[PDB]
Amino acid sequence: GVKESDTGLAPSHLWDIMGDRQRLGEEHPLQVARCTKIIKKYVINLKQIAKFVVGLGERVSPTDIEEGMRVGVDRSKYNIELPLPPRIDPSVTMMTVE
Amino acid sequence: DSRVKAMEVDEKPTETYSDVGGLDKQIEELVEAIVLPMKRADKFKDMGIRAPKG
């Protein structure tokens, strides 16, 4: 068999103290969405096709929210927590760089 | 949609039509086609002509 060989090794035991209080936090998941219209509040379109009006987070600047940018929104009642960089089509273009 | 909202004006700096060497006549006809049926839309309505679509 593979007899139970999983990456991590000897430093990941000290990581288990730090990573168990964060893993239970809802920091993650943030269902990744994408803005379709800033209405001078914000309109996101989920990538499941179902549209929602959300609002500002804990302390995000109103400059971060831009057109066609992806953002992460609270898993339950949708509200922008953390904006995220743009476009998820780049990835066939990062394997061409030597 | 989000492609059309980006296409929207962003104010691109003019290069000015006087710094474009030569081609005097091409600037006038372009001005005649696009710019002047917007501003002077009263003199097209008195005359009874339509504005050139493009």
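Every residue, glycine as well, gets a Cβ built from its backbone with ideal geometry; the counts of neighbours run over all protein chains shown. Readers should treat all values here as calculations from the given coordinates under stated rules, not as data from a laboratory.
Can you give the helix-only mean residue ellipticity at 222 nm for chain A, where every DSSP H stretch with n ≥ 4 adds -39500 (n - 2.57) and the sum goes over all residues, rounded to the nearest 500 deg cm²/dmol? Could the numbers behind the result be given before it?
On the way: 1 runs with 13 residues, N = 98.
The helix-only estimate for chain A comes to -4000 deg cm²/dmol at 222 nm.
Rounded to the nearest 20 debye, what is the charge dipole size of chain A about its Cα centre when +1 sits on each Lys and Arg Cβ and -1 on each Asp and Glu Cβ?
Details: 14 positive and 14 negative charges, 126 e Å.
Dipole size: approximately 600 debye.
Taking the Cβ of each residue in A:27, B:11 as the centre, tally the other Cβ atoms inside 10 Å and list the residues starting with the fewest. Numbers along the way, then the final one.
Working: A:27 11, B:11 5.
Going from sparsest to densest Cβ surroundings: B:11, A:27.
Only counting other Cβ atoms within 10 Å, I'd like A:30, B:23, A:82 sorted with the fewest neighbours first.
Values: A:30 16, B:23 10, A:82 13.
With the fewest neighbours first, A:30, B:23, A:82 line up as B:23, A:82, A:30.
Given the options A:84, A:32, A:53, identify the residue whose Cα lies farthest towards the positive end of the charge dipole of chain A (+1 on Cβ of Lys, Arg; -1 on Cβ of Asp, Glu).
It is A:53, whose Cα lies furthest towards the positive end.
Under 1.5 on a/c is rounded, so check that first for the protein assembly as shown, then, if it is not, pick prolate when a/b is larger than b/c and oblate when it is not; a ≥ b ≥ c are the square roots of the alpha carbon gyration tensor eigenvalues.
Numbers: a/c = 3.77, a/b = 2.44, b/c = 1.55.
Because a/c hits 1.5 or more and a/b exceeds b/c, the protein assembly as shown counts as prolate.
For a test of the definition: using alpha carbon positions, the gyration tensor, and the 1.5 limit on a/c, classify region B:14-54 as rounded, prolate or oblate.
Working: a/c = 3.17, a/b = 2.56, b/c = 1.24.
Taking the square roots of the gyration eigenvalues as a ≥ b ≥ c, region B:14-54 is prolate.
Quick one: grab the alpha carbon gyration tensor of region A:20-76, order the square roots of its eigenvalues as a ≥ b ≥ c, and give me rounded if a/c is under 1.5, else prolate or oblate depending on whether a/b is larger than b/c. Let's see the in-between values first.
Details: a/c = 2.49, a/b = 1.52, b/c = 1.64.
It comes out oblate by the Cα gyration axes.
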